[PDB]
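Residue numbers (PDB author numbering), protein chains in the order written: chain A, 166 to 207; chain B, 10 to 29; chain C, 1 to 34; chain D, 1 to 13, 21 to 230; chain E, 1 to 13, 21 to 230; chain F, 260 to 464; chain G, 415 to 464; chain H, 1 to 137; chain I, 1 to 137.
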Amino acid sequence: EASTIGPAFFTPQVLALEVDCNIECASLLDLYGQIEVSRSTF
Amino acid sequence: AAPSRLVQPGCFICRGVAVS
Amino acid sequence: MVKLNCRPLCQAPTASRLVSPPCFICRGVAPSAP
Amino acid sequence: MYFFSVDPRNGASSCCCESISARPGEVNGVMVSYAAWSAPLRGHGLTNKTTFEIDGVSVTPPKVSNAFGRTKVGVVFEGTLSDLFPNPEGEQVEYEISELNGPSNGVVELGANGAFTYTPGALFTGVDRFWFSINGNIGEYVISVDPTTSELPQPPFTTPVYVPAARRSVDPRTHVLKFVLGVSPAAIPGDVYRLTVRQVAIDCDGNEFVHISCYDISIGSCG
Amino acid sequence: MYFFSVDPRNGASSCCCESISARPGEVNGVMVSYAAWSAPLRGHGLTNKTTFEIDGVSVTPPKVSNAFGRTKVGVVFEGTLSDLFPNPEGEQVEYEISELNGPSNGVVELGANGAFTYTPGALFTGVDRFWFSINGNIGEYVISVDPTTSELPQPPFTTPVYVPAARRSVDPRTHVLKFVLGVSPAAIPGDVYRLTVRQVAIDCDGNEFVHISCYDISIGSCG
Amino acid sequence: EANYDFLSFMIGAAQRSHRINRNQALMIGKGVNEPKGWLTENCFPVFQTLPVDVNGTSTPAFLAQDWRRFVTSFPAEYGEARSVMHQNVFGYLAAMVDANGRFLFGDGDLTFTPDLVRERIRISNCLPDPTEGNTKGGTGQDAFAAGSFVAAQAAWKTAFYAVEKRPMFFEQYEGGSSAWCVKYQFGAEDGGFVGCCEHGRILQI
Amino acid sequence: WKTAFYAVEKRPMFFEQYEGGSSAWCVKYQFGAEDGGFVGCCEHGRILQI
Amino acid sequence: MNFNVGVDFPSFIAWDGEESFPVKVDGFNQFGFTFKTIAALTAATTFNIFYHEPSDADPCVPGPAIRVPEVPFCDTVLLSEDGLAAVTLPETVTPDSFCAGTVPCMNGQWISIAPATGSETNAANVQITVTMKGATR
Amino acid sequence: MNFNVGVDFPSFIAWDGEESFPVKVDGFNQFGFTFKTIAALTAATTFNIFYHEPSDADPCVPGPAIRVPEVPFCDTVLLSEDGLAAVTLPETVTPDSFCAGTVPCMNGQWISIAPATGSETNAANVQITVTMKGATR
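Below, the structure is given as structure tokens:
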């Protein structure tokens, strides 16, 4: 019978969502002046 | 640079009637 | 080498106030009295 | 940072124990290189089963006594300093609180006649000590700040010379034992203590090779 | 690590036996190089059939006696430490539990007057030792915690100088014998023991070539 | 095993951790081992508002008249400049009120939501906000923490430079990795400095 | 709300006459449905209280 | 509609706060602990982990208690100074929150927990149970 | 290779032989008991099942002890007298053997087991415990 036989005969429906809830912040790296460089100590 | 103040104009209205 | 893992059974709420700027005052009014 | 290369127990190359000069207040570091003894014993190097013991061969018992108090968080604590200097002869008591060895998470103000007040820093609970100096003689006054709930236990009245609880280490790749040697600010110059070390190596199968040495710590002022 | 090259019995090349210094508490290792004696006897090299024997040529019998007790697992054990030191004169007794030789699976709360309580570690079954010291006289006290069913045997009260049961090895490829030589913490400085080693070789067919040598262990303090 | 792909999670949770650490550094990074950020170097000219006497107590304050005088003062000879600030501050400006009770912005809309890119404000809510998160600042009394930071403004394309040498990279660390356990190693190399710091400005309390 | 609270749909209602128990003098119907929901992640929502 | 989750992951008491218990783990292949406190702790408590072996007198009763060695993975740097596995419930664990953990390699047939010395008067306020996984036979 | 299965099926104590312990079953959505005997019983042993409610004052402490009702499933002919759930550990159940039962319909948020009256003599030799199944936080 059912509801008294282990918990392995019933396979749950694995739905396809993934809750995240994580703010990075806000980007501030495109205002600054960008300069590619070479070997350090320019 | 030392912190400079930012004094702005106050509530300026009148030039001819002093308050009692 | 055990590495533990802990959760709380009952999370707690979290209240906070919502202070907002007061109706301003203006520093120094021209027509006035001492 | 002292460095001793221990005897190799090979039947080959004044007093017995090596010497260590220590000044009251310092907290130094010591290295010991068991390489000459444990390298031929091809095993798994050393193990962290070393033990230390500190015995005194000259003490000159202290003049002033210590004292222990109790208080909760935020509540000011008051205490005296006159019942701690048993003077066999009559003399004045130039109370002084050393600015170097003051409290850590609080503040004290010295009174004019054996008075002081320890107002702990806000939002702080734990144990806080500070070292007073009655007429050149030095002691300690230990107070515990309780989180107002029940009570706190008793701290162990730190000794003149100690080896800290868990700061030892060992590198089995080079057979070196490192430990810390700390001296209380109340250790009296001229005294001599003796430190003993039991270090245990290990063979391939888990047995033990023991080795004991000693060191003479002489508390001398000015290095 | 000691090393002795043995004489090859060729009719060629103060006291008789070689010299071994030892320190109370140490556990060292010894190597012997039978190469010069067994290499000419071309056969199957050495065989692990070496036998040892320890004799005392200067003993100074122990002042304080040893003792033995028993307890079940988890149960605390308490006993006396005063009926073990018959003192000839009348004087005081300063009992002490050497920290370097405390218990290994419990703690001991040494009371003020020859009294102590031994709390065995949680879920522990075996034998456990700790070396007391009455007026400087050292003797061991053995406690065997039983696994609550019946009993464990009565261990043999380790001698002042011993060679462990089985930690020896013979390298037939380089004709070298190794063993461990441990010295009890109850050894008395100045005493001298004698270890005789009987090592057996073997021919290609299965006969024996015996060889006997001796060593003089001198128990010295400070190595 | 472990159906959830863990490696791609860490490669994702490393570029993310790097992204915010770099952004955090160029602002308040302190000298050694991290670029000298322009908040802590403090050679931007700094303006600070003067307090107001709420029934004779002189609490610190910051009102809209201060914001207009701060942004128009920027000498237009340096170029066009953008202002950055924490979003609570912009919430603070939007909720002001004149003496009779009206709103100073959007005189009745339930909301003031202006075109920000037509106002050069560039909200980024990681900066320090003087509202102590929220629930501080803008009081009659008992708030607003004199000496705090509010907002900045500069010709950023020349007031602060960002230096990049070698972007993020990943590689299997051959050595320390055996036939049963892998050891990965990632890294990147970059830095930053201030340009000429007479091009910026800061507002305080 | 599209990611703060979720609603789970499985099956709409049904209706059928319960045969056993419905005599030729009485009659008894029977119905039911099956659904549910949960709270996704309460860091995407606020509440304004007094 | 909850299942008889008892079979297919049963569980037993391993430390009721006053005395330990050996739990058989031969019949199953994977297992772990679930710590849980009943009252606020005073300092970090440490438990030792022990594995038994089938007694020679009877193969259905545990023998003496050996201590399970310690296995580092890669990240391990502490190594607990002893090479003998042990758990340590940190301070500030409010008594409405559980903590899980398990040894990376079983050995023997039984497993046991007991409070290490020093923390024997705080362990009277904790509870440790063991829940297994699929049954081999 | 064993998994740290304390998370994802934790287990807690419910009757250590001297005291019942409410176990919070809200955060999870399936649970069951795994009985276990420590020494031979004397007769049949009966246990009552209780469910609690969130207390009136504090919402994270259990309220009073309410006796959970029992429901049949198309084959109950025993049909316990007063329609209240109860479990009867049968006599002649040896040690090293565990029985696992579970109440069908869940209610409340804390569940508990207590030795039914007239059977608390040899109930000190049982040790019930609970294991939940799947967090729903």
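In this text, a Cβ means the ideal position worked out from N, Cα and C, and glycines have one as well.
9 Å Cβ cutoff, residue i in contact with chain C
i, result
"residue 11(B)", "no"
"residue 131(H)", "no"
"residue 102(H)", "yes"
"residue 138(H)", "Any property of residue 138(H) remains undetermined from this structure, which presents chain H solely from 1 to 137."
Where residue i falls: helix, strand or coil (DSSP)
i, result
"residue 326(F)", "helix"
"residue 80(D)", "coil"
"residue 19(B)", "coil"
"residue 336(F)", "helix"
"residue 133(H)", "coil"
"residue 431(G)", "strand"
"residue 353(F)", "helix"
"residue 48(H)", "strand"
"residue 380(F)", "strand"
"residue 460(F)", "strand"
Any C-beta of chain D under 9 Å from that of residue i
i, result
"residue 53(H)", "no"
"residue 69(E)", "no"
Minimum Cβ-Cβ distance from residue i to chain F less than 9 Å
i, result
"residue 14(B)", "yes"
"residue 17(C)", "yes"
"residue 26(C)", "yes"
Contact test: residue i Cβ vs the ligand GDP heavy atom, cutoff 8 Å
i, result
"residue 36(I)", "Summarising the ligand content, the structure contains no ligands, and the ligand GDP is consequently not present."
Below-9 Å beta-carbon distance, residue i vs any chain H residue
i, result
"residue 167(E)", "no"
"residue 280(D)", "Since the first and last residues shown for chain D are 1 and 230, residue 280(D) lies out of range."
"residue 29(C)", "no"
"residue 172(A)", "yes"
"residue 176(A)", "no"
"residue 130(E)", "yes"
Cβ distance (whole Å) where residue i is taken to contact residue j below 8 Å
i, j, result
"residue 340(F)", "residue 379(F)", "7 Å"
"residue 224(E)", "residue 29(E)", "5 Å"
"residue 140(E)", "residue 111(E)", "Not confirmed; about 17 Å, so no contact."
"residue 109(I)", "residue 36(I)", "Not confirmed; about 25 Å, so no contact."
"residue 97(H)", "residue 6(C)", "6 Å"
"residue 134(E)", "residue 162(E)", "5 Å"
"residue 194(D)", "residue 168(D)", "6 Å"
"residue 182(D)", "residue 40(D)", "7 Å"
"residue 71(D)", "residue 48(D)", "With 8 Å as the limit, residue 71(D) and residue 48(D) do not qualify as a contact, their Cβ atoms being about 49 Å apart."
"residue 188(A)", "residue 420(F)", "Not confirmed; about 28 Å, so no contact."
According to DSSP, residues forming a beta bridge with residue i
i, result
"residue 74(D)", "148(D)"
"residue 63(D)", "200(D)"
"residue 193(E)", "Bridge partners of residue 193(E): none, in fact."
"residue 223(E)", "26(E), 201(E)"
"residue 197(A)", "According to DSSP, residue 197(A) bridges with nothing at all."
"residue 34(H)", "100(H), 129(H)"
"residue 124(E)", "85(E)"
"residue 103(E)", "140(E)"
Within-9 Å CB hit, residue i to chain A
i, result
"residue 75(I)", "yes"
"residue 457(G)", "yes"
"residue 285(F)", "yes"
"residue 451(G)", "no"
CB contact below 9 Å: residue i versus chain I
i, result
"residue 206(A)", "no"
"residue 80(H)", "no"
C-beta neighbour in chain E for residue i, strict 9 Å
i, result
"residue 163(D)", "no"
"residue 121(H)", "no"
"residue 218(D)", "yes"
Please specify which runs of the beta strand (DSSP E), each continuous and at least 3 residues long, are wholly inside the stretch 27–54 of chain E, giving them in chain order. 34–40
Extract the residue ranges of the beta strand (DSSP E) inside the stretch 133–185 of chain E, only unbroken runs of 3 or more that lie entirely within it. 133–141, 144–153, 176–178
Ranges of the alpha helix (DSSP H) found wholly within the stretch 57–125 of chain H, counting only runs of at least 4: none
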